[PDB]
Each structure stands twice: as structure tokens, then as C-alpha cells.
């Protein structure tokens, strides 16, 4: 069921990255889930999926978006202003949630670009992570200026008091404090595990992968070929849980 949402704020982080804040009578959701946003464009209802950034129970629904220049809906969401109406599906969907994650010593959460949101909702909620000894959050972007949620990421790192390790990855420039390259290369060379201080192996880890579908594909391929890791299904458990954004 669609419901009418009210835009409270659009905040731009760069010329292309922005966060959209909404009030809408949605149902409770599980951290990691997504809903759909909708607008009427040229007489047609256009809808896309967007992950909740906010923890469940935060009434300020938050979405981390990138403007796709030739896209249908994202440039229109990008022009929303406080007070504008946006349609929101009241029932969330998705299985990219903690309750579906197998037990493991280390939960790796890998995200590209604007796909960070499910992890932020999970980590801001802060519940049901006791059974994991280690948490690792990796945000991979083109440029350091694209690390829009680095302040929250550092606050979360502080609050988890050493359980959560954060690592930023910047692929198109070299910046102090970040690894340079793409995630598959960084896994294969040992760079990511050296920087984080933890191994990513079948004996220790479960790996969640969110965002760029070619990154998800290539990382799963590499983990399968070199780490003997398998894709996870609820009915057929494995080491790798993925959510593709397109």
C-alpha cells in the first residue's frame, strides 16, 4: 500500500550525492530493509527501491541517493524540496538483515557508493550484534569527497568501542587514511585484511555485499575462486550475502 510522504529536507553532500529525509506513515521495518519511493512523472507513476539509512523507529526516514544524470526518477527526487509530496510503500521488503546472517567470528559489510544505507541502519540500531565478535564496515567510493557518511561512521566506530572496524576505499585518487583501488584487488593482495587487521576466510567470516552489481559479481567471483566461499541462500547457507542496486 502506497502512502503519502512529506519531504522534510534534501541535503546535498556533493553535486551528485544527496540524502532525502521524509515523514510518512510506514510500518515498522527491520534494519537493512528497503522500501519504494514514487513520483508522478508526465502522468505516470514511477517507482524505485531505496534502502532505509535510519534505524527502525527513527521517524525521520532517510535515503542516501546519487543523481543518475539520464535516469527517470533519481533526478526528480533530487529536485524535491521541503514540503513536497513523495509516495512511500508502507511495508518494507528485503532479506539483507541481521537475522538472515549465519553465525561467524567476523561480519564484513562491503558497500559501494550510496549502498551504505542498510549497514548504517543496522549499526545505528545497534541490536543483535552480540553473537559477532568483530564487525567491519568498508565504504568504497570514487573520490574521498564521496564519503558522505564518514562522520557517522567515525561516531559509530567510537560507540562500538573496538568491536566495529571501519575502512574507507577510494578508487580514483590516493588519500591518507584510505585504501586505493577496487575491493577485489584489495582482498586478493591482502591489503584490505592487513589494513583492517582481520582475515576474510570461510573459517572466520560472513561477507555482505551491497551496491554496484559489477562489484558484487566480481567480489563473489574472487572470493569463490581464491577463498572457496559460496553464495548464501536461506535454504542453502553460504558465506556471501548480496544485494544488487541495479
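Residue numbers count along the first chain shown, from 1.
Between the stretches 135 to 143 and 67 to 75, it is 67 to 75 that shows the larger average CA temperature factor. Taking the PDB entry as given, 233 to 241 carries the higher mean Cα B factor of the two stretches 233 to 241 and 17 to 25.
Highest CA B-factor among the listed residues (124, 112, 158, 106): 158. Residues shown: 196, 210, 31, 37. Highest C-alpha temperature factor in the entry: 196. In the PDB entry, residue 206 places in the lowest third of its chain by CA B-factor. In the PDB entry, a CA B factor belonging to the lowest third of its chain's modelled residues is recorded for residue 217. Ranked against the other modelled residues of its chain, the C-alpha B-factor of residue 83 as given in the entry falls in the highest third.
Residue 53: CA B factor in the lowest third of modelled residues in this chain (values from the PDB entry). Placement of the Cα temperature factor of residue 61 within the chain: lowest third of the modelled residues, per the deposited record.
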